[PDB]
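1. PDB entry and its sequence, pasted below:
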Amino acid sequence: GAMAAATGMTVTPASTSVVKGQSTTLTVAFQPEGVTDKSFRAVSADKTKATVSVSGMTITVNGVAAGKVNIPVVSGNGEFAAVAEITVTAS
């Protein structure tokens, strides 16, 4: 409850398309300069046509079904955030 997210988080997703059955990887960066603590996290916006798994500042996105799936990001209590999109080809 009582914590601090950070003082500057730079998330750089894949932002691109993918083939059915494939998956991409998103990168996350943080430069608080005083906090030094992973208080942020990732999550799928739909999770109905793609999976997501964050780990070590690396979030892998799988294209279960064809379509565009967004993947937002929350830091602390809403301090910082990010947005990404992964297209899935029916083929």
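-> Yes, it's here. Numbers count the residues shown, from 1 in each chain.
2. Please tell me how far the longest strand along the chain is from the chain's geometric centre.
-> Ordering each strand of the chain by length in residues (DSSP state E) puts strand 23-30 first. Averaging C-alpha positions (Cα atoms, centre = their mean, to the nearest Å) puts strand 23-30 6 Å from its chain's average.
3. got the buried residues for that strand?
-> Buried residues in strand 23-30, counted by 16 or more other Cβ atoms under 10 Å: 23, 24, 26, 28, 30. The C-beta positions use only the backbone N, C-alpha and C, and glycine is treated the same way.
4. Could you pull out the strands in this structure for me?
-> Using DSSP E, strands in the chain cover 9-12, 16-19, 23-30, 40-42, 51-55, 58-62, 67-70, 73-75, 80-82, 85-89.
5. can you redo those strands as a markdown table with distance to residue 2?
-> Converted to a markdown table, the strands of the chain look like this (distance: least, Cβ to Cβ, whole Å):
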| stretch | distance to residue 2 |
| --- | --- |
| strand 9-12 | 19 |
| strand 16-19 | 39 |
| strand 23-30 | 19 |
| strand 40-42 | 17 |
| strand 51-55 | 23 |
| strand 58-62 | 26 |
| strand 67-70 | 30 |
| strand 73-75 | 16 |
| strand 80-82 | 18 |
| strand 85-89 | 34 |
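6. Next, count neighbours for residue 63.
-> 24 (other Cβ atoms under 10 Å).
7. One more: residue 67?
-> Residue 67: 15 neighbours (other Cβ under 10 Å).
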